[PDB]
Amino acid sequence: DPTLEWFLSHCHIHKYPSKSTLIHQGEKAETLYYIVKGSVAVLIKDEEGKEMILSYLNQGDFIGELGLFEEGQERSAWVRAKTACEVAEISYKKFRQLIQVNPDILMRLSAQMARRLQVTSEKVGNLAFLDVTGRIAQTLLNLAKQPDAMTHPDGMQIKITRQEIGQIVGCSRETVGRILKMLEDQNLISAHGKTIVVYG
């Protein structure tokens, strides 16, 4: 569309290879990102290094907006590329110039925040009310909805490690493993290595 086009025009495009880091938690925030292609992972670490995945973002999604609204803000999390990415970049200052000449570009970003908030609040509840099995069940169902999910004859097929699932639901990798085995005993999913098919 005419807007998310005149926008990329004022953006410096960059390419990150898979697994590379795009945003270091704690660093000064002054740049704003928009994913033209590929997908990233937004995660936070603890003093020990343990990682918790807050979300996956993809083509169309903005990154690093949380710093644009006030001076003195440091990145709130790490953002590591899930796949090779093509990322549009622009400075906050160079961006507020744009809001003042078509705030629609702002509504689009804002909508995306509104969503992230809802979604992240959702996770808070999951963590607070559901046991691990529920959270894992829930995550598999979500993961199956992500765009990087392939379609399988018996449902939707996905690739993820127990380690990673454990970093989404916040439980150990061992536990994920046992739970995965029980969901299969109940013919809910067929687990084979990193390939997990979620039955329709």
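Residue indices: 1-based, along the sequence shown. Only the largest set of C-alpha atoms that superpose within 1.5 Å between the two forms is called the rigid core.
Taking the rigid core as the alignment reference, the C-alpha atoms of 150 to 158 lie farther on average from the displayed form in 5 other deposited structures of this protein than those of the other stretch among 54 to 62 and 150 to 158.
Taking the rigid core as the alignment reference, the C-alpha atoms of 188 to 196 lie farther on average from the displayed form in 5 other deposited structures of this protein than those of the other stretch among 188 to 196 and 11 to 19. Note on 66 to 74 vs 127 to 135: mean CA B-factor is higher in 66 to 74. 32 to 40 and 45 to 53 differ in mean CA B-factor, and the higher of the two is recorded for 45 to 53. Annotation for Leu188, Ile23, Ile179, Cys11: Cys11 ranks highest, by Cα B-factor.
Annotation for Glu27: C-alpha temperature factor in the highest third relative to the rest of the modelled chain, per the entry. Remark: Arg116 belongs to the lowest third of its chain, ranked by C-alpha B-factor as recorded. Among all modelled residues in its chain, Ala149 ranks in the highest third by Cα B-factor. Among the modelled residues of the chain, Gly170 sits in the middle third by CA temperature factor in this PDB entry. In the PDB entry, a CA B factor belonging to the middle third of its chain's modelled residues is recorded for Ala81.
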